[PDB]
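J.:
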Amino acid sequence: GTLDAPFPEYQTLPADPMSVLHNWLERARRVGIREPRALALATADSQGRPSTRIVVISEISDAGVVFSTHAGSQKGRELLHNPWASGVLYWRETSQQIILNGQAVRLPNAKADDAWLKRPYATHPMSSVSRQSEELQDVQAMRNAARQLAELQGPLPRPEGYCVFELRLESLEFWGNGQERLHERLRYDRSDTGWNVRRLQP
Amino acid sequence: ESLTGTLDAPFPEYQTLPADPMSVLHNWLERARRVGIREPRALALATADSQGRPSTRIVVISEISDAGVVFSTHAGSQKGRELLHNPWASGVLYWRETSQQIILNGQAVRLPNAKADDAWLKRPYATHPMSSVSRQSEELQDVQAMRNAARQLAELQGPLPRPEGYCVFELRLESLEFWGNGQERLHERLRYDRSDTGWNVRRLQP
Ligand SMILES: Cc1cc2nc3c(=O)[nH]c(=O)nc-3n(C[C@H](O)[C@H](O)[C@H](O)COP(=O)(O)O)c2cc1C
Ligand SMILES: Cc1cc2nc3c(=O)[nH]c(=O)nc-3n(C[C@H](O)[C@H](O)[C@H](O)COP(=O)(O)O)c2cc1C
Ligand SMILES: O=C(O)[C@@H]1CC=CC2=Nc3ccccc3N[C@H]21
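Protein sequences appear in the order of chains A and B.
Positions 21 to 222 (the entry's author numbering) are the ones given, in order, by the first sequence.
Positions 17 to 222 (the entry's author numbering) are the ones given, in order, by the second sequence.
Quick look at the structure:
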């Protein structure tokens, strides 16, 4: 759109999409894309009905990307029975998308403890009182209970349901606007020995 | 905290619980237009394959209908193939400037070809050549060949026939959520689910 949007990988077909992912994200940070790690994450229920919401990617790992949430949320309950998920990053400023597909696996509690402690302590009170995605019966009661905890010197204990998922990637697509509406689509699929890569028609 | 929004985003509906969620959708979209949100109708649309594995991509909401939202695509694309077997979908709008999300869940129905003809004609004609030559989401074997083919069609400098497979879907909504940042991190989540008659409305915990 409004900012420079280089996509040399569409020509060169790099072998490792995780390198491409790292490079796109680092560039997004450098050029000042607004909230580049806001991932629209899709899960599905036992009938195959998708649900979506934004989550923040907290880190990139060897196998994929990592985010935190509550296990009893809708996404948590869906992932418990159906680990397959997909997320899209969309950067308006550069007209670029990254699509991330794979299986999300809940990481151990020590990882969750560390993630919880790395959040700003001001987030701990509400995340402790709320049972994410359950019906809220009394707004003021929640507000007041969190205010009681906000008086404390953080950090608070990690709540039982606070968890970290790693989305272990099986495929990725990098999308750019291209020239003459020939949008540039670079698609990776995991193989037994590495990754296959192809271009897709726009 | 990753949230960067700083624009006031009134959410009286979280207090008043309107019976009819499409009015809330209209209110929020109209405000987004008035305050200048960038691409508010860029919808991250999720579909699922035959085994329930999701896929996602951005599409644009072209219209708000009585039942839901409308978008166009190619029937042979991944999303089109997925929807034709499993009509259930979900999409999310996220507006950074106001820290608002809208989650839209329902069943997508392919509209008649007359509707697709009209939508096709409403697109700028400069978009017609590439959309005609491209079989969306199939492997692209020769970039230059596609480029050259589209350039030849573009010489017409006018509208082309609607391609087989260019289609319009209406996502007929079964549930919605309106999410606002709220105060003191008590994010404001207003959730609607269709009932036998009308809608049920609830607040959700953040
Ligand atoms: C910009 C943004 C970032 C968010 N990041 C997270 C996150 O990382 N983890 C989380 O659980 N919820 C996050 N949320 C809240 C989710 O969108 C959602 O409301 C919540 O996770 C419940 O989703 P569910 O009911 O579909 O499970 C974020 C919301 C916004 C607007
Ligand atoms: C801002 C933006 C808007 C888009 N709008 C549409 C659209 O309305 N319809 C469409 O078919 N593809 C649209 N695309 C392209 C899709 O994201 C996607 O690449 C294409 O539809 C193929 O998706 P699929 O392979 O998952 O079916 C848009 C892409 C961007 C970046
Ligand atoms: O950037 C952030 O902190 C996110 C902004 C809005 C809501 C969030 N909810 C979370 C819930 C659990 C774990 C992380 C979250 N991130 C924030």
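Don't be surprised by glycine CBs; every beta carbon is placed ideally from N, CA and C.
Pull out every residue of the region 101-122 of chain A whose Cβ sits closer than 7 Å to any Cβ of chain B, in chain order.
T.: Those residues of the region 101-122 of chain A that come within reach of chain B (Cβ to Cβ, closer than 7 Å) are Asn102, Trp104, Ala105, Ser106, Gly107, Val108, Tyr110, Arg112, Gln117, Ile119, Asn121.
J.: CB of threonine 72 of chain A to nearest heavy atom of ligand 3: below 6 Å?
T.: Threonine 72 of chain A Cβ: outside cutoff for every heavy atom of ligand 3.
J.: Beta carbon of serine 106 of chain A: closer than 6 Å to some heavy atom of ligand 2?
T.: False, no ligand heavy atom lies under 6 Å from that Cβ.
J.: State buried or exposed for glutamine 160 of chain A, treating a residue as buried only when at least 16 other CB atoms are found within 10 Å of its CB.
T.: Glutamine 160 of chain A should be labelled exposed.
J.: Ends of the alpha helix (DSSP H) at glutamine 173 of chain B?
T.: Segment: none, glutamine 173 of chain B is in no alpha helix (DSSP H) and carries neither H nor E.
J.: Quick one: measure Cβ to Cβ for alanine 135 of chain B and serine 106 of chain B, integer angstroms, because I've assumed they're closer than 8 Å.
T.: With a Cβ gap of about 22 Å, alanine 135 of chain B and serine 106 of chain B do not count as contacting.
J.: To which residues of the same chain is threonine 114 of chain B closer than 6 Å at the C-beta, ignoring the five residues directly before and after it?
T.: Excluding sequence neighbours, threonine 114 of chain B sits near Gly21, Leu23, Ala25.
J.: Using alpha carbons as the reference points, say which of A:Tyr208, A:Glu193, A:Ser211, A:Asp212 lies closest to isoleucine 74 of chain B.
T.: Considering only alpha carbons, the answer is A:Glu193.
J.: Is it true that the CB of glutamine 117 of chain A sits closer than 7 Å to the CB of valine 108 of chain A?
T.: Contact flag set, yes.
J.: Taking the alpha-carbon positions, what's the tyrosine 30 of chain B to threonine 72 of chain B distance?
T.: Roughly 29 Å separates the two Cα atoms.
J.: Using a Cβ-Cβ cut-off of less than 7 Å, give me the residues of the region 165-194 of chain A that come near chain B, in sequence order.
T.: Taking 7 Å as the Cβ-Cβ cut-off against chain B, the residues of the region 165-194 of chain A that qualify are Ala166.
J.: Quick check on the burial criterion: 16 or more other C-beta atoms within 10 angstroms. Buried or exposed for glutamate 200 of chain B?
T.: Its Cβ having fewer than 16 others within 10 Å, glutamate 200 of chain B is exposed.
J.: Can you tell which of B:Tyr110, B:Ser39, B:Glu98, B:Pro140 has the C-alpha that lies nearest to the C-alpha of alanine 124 of chain B?
T.: Residue B:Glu98 is the option with its Cα nearest to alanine 124 of chain B.
J.: Would you say the beta carbon of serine 18 of chain B is closer than 6 Å to some non-hydrogen atom of ligand 3?
T.: Indeed, a heavy atom of ligand 3 lies less than 6 Å from the Cβ.
J.: How long is the line joining the alpha carbons of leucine 33 of chain B and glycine 196 of chain B, rounded to whole angstroms?
T.: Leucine 33 of chain B and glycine 196 of chain B: Cα-Cα distance of roughly 14 Å.
J.: Is it true that the region 143-152 of chain A meets the region 164-182 of chain A, where meeting means three or more beta-carbon pairs spaced less than 8 Å apart?
T.: Enough Cβ pairs lie closer than 8 Å, so yes.
J.: Counting C-beta neighbours from all protein chains within 10 Å, is the total for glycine 96 of chain A 16 or more, i.e. buried, or is it exposed?
T.: Counting Cβ neighbours within 10 Å, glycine 96 of chain A comes out buried, since at least 16 surround it.
J.: Can you list, in chain order, the residues of the region 141-164 of chain B whose Cβ is nearer than 9 Å to any Cβ on chain A?
T.: Correct list: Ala142, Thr143, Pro145, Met146, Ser147, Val149, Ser150, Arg151, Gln152, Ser153, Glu154, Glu155, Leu156, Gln157, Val159, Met162, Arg163.
J.: Report the neighbours of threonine 89 of chain B on chain A: residues whose CB is nearer than 7 Å to its CB, in chain order.
T.: None at all; the shortest Cβ gap to chain A is about 12 Å.
J.: Assign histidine 203 of chain B to buried or exposed, taking buried as 16 or more other Cβ atoms, counted over all protein chains shown, within 10 Å of its Cβ.
T.: Buried: at least 16 other Cβ atoms inside 10 Å.
J.: Which residue's Cα is closest to the Cα of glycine 84 of chain A: A:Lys138, A:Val184, A:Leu120, A:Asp209?
T.: Comparing Cα-Cα distances from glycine 84 of chain A to each of A:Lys138, A:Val184, A:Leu120, A:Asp209, the minimum goes to A:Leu120.
J.: Once you ignore the five residues that flank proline 70 of chain A on each side, which residues in its own chain have a CB closer than 8 Å to its CB?
T.: Cβ within range, chain order: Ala62, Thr63, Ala64.
J.: Measuring straight from C-alpha to C-alpha, what distance separates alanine 48 of chain B and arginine 54 of chain B?
T.: C-alpha separation (whole angstroms): 8 Å.
J.: How would you call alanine 130 of chain B, buried or exposed, if buried means at least 16 neighbouring beta carbons within 10 angstroms?
T.: The residue in question, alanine 130 of chain B, is exposed, as its Cβ has fewer than 16 Cβ neighbours within 10 Å.
J.: In chain A, what lies closer than 7 Å to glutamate 29 of chain B by C-beta?
T.: The contacting residues do not exist; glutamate 29 of chain B stays about 14 Å from chain A at best.
J.: What are the residues in the region 65-79 of chain A lying within 7 Å of chain B by C-beta distance?
T.: Against chain B - using a Cβ distance shorter than 7 Å - the residues of the region 65-79 of chain A are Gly68, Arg69, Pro70, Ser71, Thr72, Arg73, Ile74, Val76.
J.: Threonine 32 of chain A touches chain B at which residues, Cβ-Cβ below 7 Å?
T.: The contacting residues do not exist; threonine 32 of chain A stays about 13 Å from chain B at best.
J.: Please confirm whether any heavy atom of ligand 3 lies closer than 6 Å to the CB of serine 88 of chain A.
T.: Answer for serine 88 of chain A: yes, Cβ within range of ligand 3.
J.: Quick one: grab the DSSP three-state call for residue 259 of chain B.
T.: In the structure as shown, chain B begins at 17 and stops at 222. Residue 259 of chain B is therefore absent and cannot be evaluated.
J.: Can you tell which of B:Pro140, B:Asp82, B:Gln157 has its C-alpha closest to the C-alpha of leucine 189 of chain B?
T.: Of the listed residues, the one whose Cα sits closest to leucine 189 of chain B is B:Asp82.
J.: Check the Cβ of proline 222 of chain B against every Cβ in chain A and list those closer than 7 Å, keeping chain order.
T.: Residues of chain A passing the Cβ test: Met146, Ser150, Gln152.
J.: Along chain A, which residues have their Cβ under 7 Å away from the Cβ of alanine 25 of chain B?
T.: Near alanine 25 of chain B there are no residues of chain A at all, since even the closest Cβ is about 15 Å away, more than 7 Å.
J.: Verify the contact flag: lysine 95 of chain A, CB atom, against every heavy atom of ligand 1, threshold strictly below 6 Å.
T.: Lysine 95 of chain A: yes, Cβ under 6 Å from ligand 1.
J.: Using a Cβ-Cβ cutoff of 7 Å, what residues of the region 192-211 of chain A are near chain B? List them in chain order.
T.: Hits within the stretch, in order: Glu200, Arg201, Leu202.
J.: Exposed or buried, what is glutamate 186 of chain B when buried is set at 16 or more other beta-carbons lying within 10 Å of its beta-carbon?
T.: So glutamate 186 of chain B counts as buried.
J.: With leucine 176 of chain B and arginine 219 of chain A assumed to form a contact (beta carbons below 8 Å), what rounded beta-carbon distance in angstroms separates them?
T.: No, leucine 176 of chain B and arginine 219 of chain A are not in contact; Cβ-Cβ is about 24 Å, not under 8 Å.
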